[PDB]
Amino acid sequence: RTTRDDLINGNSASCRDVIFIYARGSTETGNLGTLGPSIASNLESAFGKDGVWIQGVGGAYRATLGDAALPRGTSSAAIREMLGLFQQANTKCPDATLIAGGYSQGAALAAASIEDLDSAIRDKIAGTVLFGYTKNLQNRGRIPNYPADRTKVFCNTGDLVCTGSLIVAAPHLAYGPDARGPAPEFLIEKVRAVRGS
């Protein structure tokens, strides 16, 4: 359940209407980690199995704990990997609506990638969810160059990474309920706002 490569494996002749690109947290397994699968199952319920492609950020993104201390909150190699996936989605399925998300180091990776992304592709990301956003204080709860109305941050009280630290405390591991309900609820609402239906 922790590995999904729907975009990479998918046939361009039968593109999904929605493509979700997600970055896992530090030390998590597969390319979806602990929260990704929960969001994925709810997206599948809303758009149908063939209506949405779930794609985790794998490849060069090793989710190494130490990389969270680098300038952008992740490595340059990881940012190149996620940028490449957004570019692949744009090329393979020009008409698909994109949505993204990330947890912990993956949240910093999603923010850094979206910030560097060509505006024409970035503008196709209808909504982005960030859990335990490591650059929450630094970026004042925003993703640079990306609208606030398309952003939803889940930062628990007591989760030190949300207040400028890199210390991992218990609240940082309590995003399960958010991944099962409000996060997919937000993503679904943002997709329907632009796609109708």
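We number the residues from 1 along the sequence you see.
When the mean C-alpha temperature factors of 121 to 129 and 90 to 98 are read from the deposited coordinates, 90 to 98 comes out higher. Per-stretch averaging of Cα B factors for 12 to 20 and 174 to 182 places 12 to 20 on top. Each of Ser26, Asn156, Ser165, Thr151 has a CA temperature factor in the record; the biggest one is found at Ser165. As recorded in the entry, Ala46 carries the highest CA temperature factor of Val161, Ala63, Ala46, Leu32. Per-chain ranking of the deposited C-alpha B factor places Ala40 in the middle third.
Among all modelled residues in this chain, the alpha-carbon of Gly58 has a temperature factor (C-alpha) in the middle third.
Among the modelled residues of its chain, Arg4 has a C-alpha B-factor that falls in the lowest third according to the deposited record. Among all modelled residues in its chain, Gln105 ranks in the lowest third by Cα B-factor. Looking at the C-alpha B-factors along this chain, the one for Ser76 belongs to the highest third.
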